[PDB]
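For reference, the structure discussed in these notes is given below.
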There are 2 protein chains.
Amino acid sequence: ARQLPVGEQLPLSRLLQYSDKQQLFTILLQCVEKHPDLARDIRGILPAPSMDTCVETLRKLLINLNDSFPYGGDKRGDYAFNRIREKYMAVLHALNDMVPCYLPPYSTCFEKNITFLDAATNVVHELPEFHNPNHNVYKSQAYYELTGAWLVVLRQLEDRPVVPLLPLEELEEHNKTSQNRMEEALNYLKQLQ
Amino acid sequence: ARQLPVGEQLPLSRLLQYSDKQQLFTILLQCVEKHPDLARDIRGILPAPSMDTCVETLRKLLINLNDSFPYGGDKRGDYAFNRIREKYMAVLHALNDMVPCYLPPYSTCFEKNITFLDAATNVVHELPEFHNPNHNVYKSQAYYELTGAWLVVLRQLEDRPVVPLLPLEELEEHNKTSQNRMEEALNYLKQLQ
């Protein structure tokens, strides 16, 4: 005669449609935790962003933060900071993510790694200072970490003879803006001459 | 002295940001395949859509298809069908997904299951007929399958005595519109009187 349908829950796919990017993005990570092997699989079918895309990212982030200050209050008071700590931290995390990507073990492309650090530093110059000294440790800590960053790259051009033309001028403008908390790299850079 | 950073690939999360909804949705499914156990986990933290949300879904689908016909051609010719087969099939799949959800094993809520079938049928009345008979097997096949659907529900009110008030009139308008290819349910429905 005839087959009569048997009810059942709806299919996983149909159920995920009612899940948004953050929702899938979020519930996808939990999967990696349960079955860590997923890391390899995902990394392979998903190509990394272009040096430009990454750079473009930070810009939006900091531009995002720059427009987030109070409607018209002292952008250096604590209050102004309270509203920005969030988009502030966003720009920093992204800084901590992308930088190791262009450093010595993982990236041997000297001329390609320095180029990036240049852009990253410029992003840090743009960070916002505050009246409270407690809110400026982030910008200081940045300058420190980056000085350590350029130092790692510069070292990848040590023994390999012939010392190509180095960004002697770049570090100058960088350190100038950074009020000298990048001297360790500048000397090392010049010392490579 | 000082720790010098060690480069590395960027973190999975940072890499997924450059992945869109379809991209995550798509690469998430592949995960379930490799580790089927994920099905249970996901189903639990993700609540199903409200009877209304599902209904709302189909509407958009068919409205989507209704606006997709050629710029001004015979919406019954083959050409017109070629452009719609896609959004056509979309409305059908969704029909095949959501219906089993409201049937006898999975759903015992008689008054809640029929209510849904009502809306689903109405969605099928709205389907587009064509000059070619080959393109109308989908609408026929629908009417058939749904007749089988109401039949399953109606059976869940069989032995359980007291035969509550049944949608005797609803099936009438339904079958009327469907040009009688739903008689098996209509009789059975009336036979339940």
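Lettering and numbering for the structure tokens are positional, with chains as A, B, ... in the shown order, residues counted from 1 in each chain, and ligands counted from 1 in the shown order.
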
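Within 7 Å of chain A, chain B contributes the residues residues 4, 5, 6, 7, 8, 9, 10, 11, 15, 20, 21, 24, 25, 28, 48, 97, 98, 100, 101, 102, 103, 104, 105, 106, 148, 149 and 152 of chain B, using only C-alpha atoms.
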
Limited to N, CA, C and O atoms, could you put the picked residues into a file as a short mmCIF file (atom, residue, chain, number, x, y, z; two decimals), in the first residue's frame?
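Output file again_6.cif is given in full below:
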```
data_model
loop_
_atom_site.label_atom_id
_atom_site.label_comp_id
_atom_site.auth_asym_id
_atom_site.auth_seq_id
_atom_site.Cartn_x
_atom_site.Cartn_y
_atom_site.Cartn_z
N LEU B 4 62.80 36.77 24.13
CA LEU B 4 62.55 37.25 22.78
C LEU B 4 61.46 36.36 22.18
O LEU B 4 61.59 35.13 22.15
N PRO B 5 60.38 36.97 21.68
CA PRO B 5 59.25 36.24 21.08
C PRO B 5 59.65 35.21 20.04
O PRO B 5 60.63 35.39 19.32
N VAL B 6 58.88 34.13 19.98
CA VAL B 6 59.09 33.03 19.03
C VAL B 6 57.91 33.02 18.06
O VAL B 6 56.79 32.74 18.46
N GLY B 7 58.15 33.30 16.79
CA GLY B 7 57.06 33.31 15.84
C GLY B 7 56.27 32.01 15.72
O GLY B 7 56.79 30.93 16.03
N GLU B 8 55.03 32.11 15.26
CA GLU B 8 54.16 30.95 15.06
C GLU B 8 52.94 31.32 14.21
O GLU B 8 52.62 32.49 14.04
N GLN B 9 52.26 30.31 13.68
CA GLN B 9 51.06 30.51 12.92
C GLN B 9 50.09 31.27 13.79
O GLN B 9 50.28 31.30 15.00
N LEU B 10 49.10 31.92 13.20
CA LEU B 10 48.14 32.61 14.02
C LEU B 10 47.12 31.58 14.50
O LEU B 10 46.84 30.57 13.87
N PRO B 11 46.56 31.89 15.65
CA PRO B 11 45.48 31.18 16.35
C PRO B 11 44.20 30.92 15.51
O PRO B 11 43.75 31.79 14.76
N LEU B 15 41.90 33.13 12.59
CA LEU B 15 41.81 32.67 11.22
C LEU B 15 40.38 32.48 10.73
O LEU B 15 40.08 32.62 9.53
N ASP B 20 33.18 33.42 6.48
CA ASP B 20 31.80 33.91 6.59
C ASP B 20 30.83 32.81 7.03
O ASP B 20 31.18 31.63 7.03
N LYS B 21 29.62 33.20 7.40
CA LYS B 21 28.58 32.29 7.84
C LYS B 21 28.52 30.98 7.05
O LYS B 21 28.61 29.90 7.64
N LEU B 24 31.68 28.98 7.68
CA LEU B 24 31.75 28.30 8.99
C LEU B 24 30.69 27.22 8.99
O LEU B 24 30.97 26.06 9.36
N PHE B 25 29.49 27.58 8.54
CA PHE B 25 28.37 26.63 8.48
C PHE B 25 28.81 25.39 7.71
O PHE B 25 28.50 24.26 8.10
N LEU B 28 31.68 23.43 9.32
CA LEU B 28 31.28 22.91 10.63
C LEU B 28 30.67 21.52 10.42
O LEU B 28 30.93 20.61 11.19
N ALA B 48 15.58 24.76 19.16
CA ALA B 48 14.87 24.75 17.89
C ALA B 48 14.08 26.03 17.68
O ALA B 48 13.79 26.73 18.63
N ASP B 97 12.15 18.95 5.46
CA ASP B 97 12.84 19.04 6.74
C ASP B 97 11.87 19.20 7.90
O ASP B 97 11.78 18.36 8.79
N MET B 98 11.15 20.32 7.87
CA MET B 98 10.18 20.66 8.92
C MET B 98 8.97 19.75 9.18
O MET B 98 8.51 19.67 10.31
N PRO B 100 8.44 16.21 9.02
CA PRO B 100 8.64 15.04 9.90
C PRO B 100 8.74 15.46 11.36
O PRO B 100 8.43 14.68 12.27
N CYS B 101 9.14 16.72 11.56
CA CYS B 101 9.29 17.28 12.92
C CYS B 101 7.96 17.28 13.67
O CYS B 101 7.94 17.06 14.88
N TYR B 102 6.86 17.49 12.97
CA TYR B 102 5.52 17.58 13.59
C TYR B 102 4.66 16.29 13.48
O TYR B 102 3.45 16.32 13.74
N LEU B 103 5.29 15.16 13.09
CA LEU B 103 4.61 13.85 12.90
C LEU B 103 4.74 12.92 14.14
O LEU B 103 5.72 12.97 14.89
N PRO B 104 3.69 12.06 14.31
CA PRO B 104 3.34 11.00 15.33
C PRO B 104 4.35 10.43 16.38
O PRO B 104 3.99 10.37 17.56
N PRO B 105 5.57 9.99 16.00
CA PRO B 105 6.53 9.45 16.97
C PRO B 105 7.15 10.59 17.81
O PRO B 105 6.99 10.67 19.04
N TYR B 106 7.83 11.44 17.07
CA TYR B 106 8.50 12.61 17.58
C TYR B 106 7.50 13.60 18.21
O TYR B 106 7.70 13.99 19.36
N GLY B 148 -0.28 11.84 2.95
CA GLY B 148 0.25 10.77 3.78
C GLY B 148 0.60 11.33 5.15
O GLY B 148 0.54 10.62 6.16
N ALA B 149 0.98 12.61 5.19
CA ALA B 149 1.32 13.27 6.43
C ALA B 149 0.13 13.45 7.37
O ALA B 149 0.19 13.04 8.52
N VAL B 152 -0.98 10.27 9.01
CA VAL B 152 -0.22 9.76 10.14
C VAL B 152 -0.74 10.42 11.43
O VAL B 152 -1.04 9.73 12.41
#
```

Next on the checklist: What parts of region 5-148 of chain A does DSSP call helix (DSSP H, G or I)? I'd like the answer as a ChimeraX atom specification.
Outcome noted: /A:12-16,21-34,38-45,51-66,78-101,110-125,133-148

Item to check | Among the residues B:81, B:36, B:122, B:69, the one that comes closest to residue 55 (chain B) [using only C-alpha atoms] | outcome: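 Ranking B:81, B:36, B:122, B:69 by distance to residue 55 (chain B), first place goes to B:122.
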
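Ranking B:73, B:192, B:186, B:177 by their shortest atom-to-atom distance to residue 161 (chain B), with only C-alpha atoms included, puts B:192 first.
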
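Computed from the coordinates, the CA of residue 183 (chain B) to CA of residue 111 (chain B) distance equals 21.0 Å.
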
Next on the checklist: Under the rule that only C-alpha atoms are counted, which of A:52, A:129, A:86, A:159 is the nearest residue to residue 115 (chain A)?
Outcome noted: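 Among the listed residues, the smallest separation from residue 115 (chain A) belongs to A:52.
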